[PDB]
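Coordinate-derived values only; no laboratory data. FYI the Cβ positions are ideal-geometry reconstructions off the backbone, even for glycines, and counts take in every protein chain you see.
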Amino acid sequence: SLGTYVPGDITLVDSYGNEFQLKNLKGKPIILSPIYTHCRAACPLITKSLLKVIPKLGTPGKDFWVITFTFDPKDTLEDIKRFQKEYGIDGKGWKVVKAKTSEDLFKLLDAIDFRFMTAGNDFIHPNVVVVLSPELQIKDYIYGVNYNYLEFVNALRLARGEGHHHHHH
C-alpha cells in the first residue's frame, strides 16, 4: 500500500549467503522485484525488462539498491545463485535474495500487497516492481512487464521526496 513501510527487521539472504536485515539498506531508494527462480513465464520478462531500464537510471549500489527477491519459499541459496548468474546480475548493487524464514517472506509480501496462488506446477501472481524511499516507505508501484523509462524516473523522484513542487501538497 502506498505510504506504508516495509518492516525493517525482515531478514534476507543474498545469493552469496550474506545475511542482512532490510533496514541495513536504508539511505538509498530501493527497487524491489518479486520473482521465483523456476519461473519461465512472466519473471524472465520482468527481469529482462529491468536489465534494459536500470542502466538508464543510475548505478545500482550507489544511486539506489536493486533487490530481486524470490517469493517461492522452497527456493534455496543454490536456486538464487543460479538465477543471479542466469541474468548476469552483479550481486552487490543489484542483489538476488531470499527471505530467511517464511515469516520474513509473509511480512514482505504482506507489506507490498502481493499474493500468489498455485496453477499446476507454477504460480499465478502479479507482475510488479516496488519502489521504496531510503526509509523503506513504499513510494510507487510499477506494474507489468513492458517498462518505460519515464515511469521509473518518476518513481525514483518520489522515493527521494522530489518532483512535488508543481502542486501545493
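If you go through the stretch 90-112 and keep only what is outside any loop (DSSP other than H, G, I, E, B), among the charged types (D, E, K, R) and under 14 Å from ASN18 (Cα atoms), you end up with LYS95, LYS98.
When the stretch 15-26 is filtered for residues that are out of contact with any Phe, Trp or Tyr (no Cβ under 9 Å at 6 or more places or on another chain) and either small (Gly, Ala, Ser) or in a strand (DSSP E or B) (or both), the ones remaining, listed by number, are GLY17, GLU19, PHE20, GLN21. Remark: pairs (first residue in the stretch 26-45, on the phi > 0 side of the Ramachandran plot; second residue assigned to a loop (DSSP other than H, G, I, E, B); Cβ separation under 6 Å; 6+ apart in sequence or on different chains) = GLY27/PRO134. For the stretch 133-169, what are the residues that are assigned to a loop (DSSP other than H, G, I, E, B) and surrounded by 12 or more Cβ atoms within 10 Å (Cβ to Cβ)? Residues satisfying the conditions are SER133, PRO134, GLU135, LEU136, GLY144, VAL145, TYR147, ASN148, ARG160, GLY161, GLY163. Counting only residues that are within 19 Å of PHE106 (Cα to Cα) and surrounded by 19 or more Cβ atoms within 10 Å (Cβ to Cβ), the stretch 14-24 holds 2 of them. Kindly check whether there is at least one residue in the stretch 104-122 that is surrounded by fewer than 21 Cβ atoms within 10 Å (Cβ to Cβ), more than 22 Å from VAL6 (Cβ to Cβ) and polar (S, T, N, Q). The answer is yes; a qualifying residue exists.
Of everything in the stretch 79-116 that is of a type in the set (D, E, K, R) and under 12 Å from the mean Cα position of the chain (by Cα), the residue that is farthest from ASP140 (Cα to Cα) is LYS98. Within the stretch 46-74, residues that are within 16 Å of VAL128 (Cα to Cα) have Cβ atoms under 6 Å from residues that are in a loop (DSSP other than H, G, I, E, B) and among the β-branched types (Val, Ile, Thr) in these pairs: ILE46/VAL145; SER49/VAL145; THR70/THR37, counting only partners at least 6 apart in sequence or on another chain.
Of note, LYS85 does not satisfy the criterion of being surrounded by fewer than 17 Cβ atoms within 10 Å (Cβ to Cβ), free of Cβ contacts under 8 Å to residues at least 60 places away in the same chain and part of a loop (DSSP other than H, G, I, E, B).
Within the stretch 34-67, how many residues are assigned to a strand (DSSP E or B) and either surrounded by fewer than 14 Cβ atoms within 10 Å (Cβ to Cβ) or touching a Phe, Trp or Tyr at 6+ places or on another chain (Cβ under 7 Å) (or both)?
Adding up the residues that qualify gives 3.
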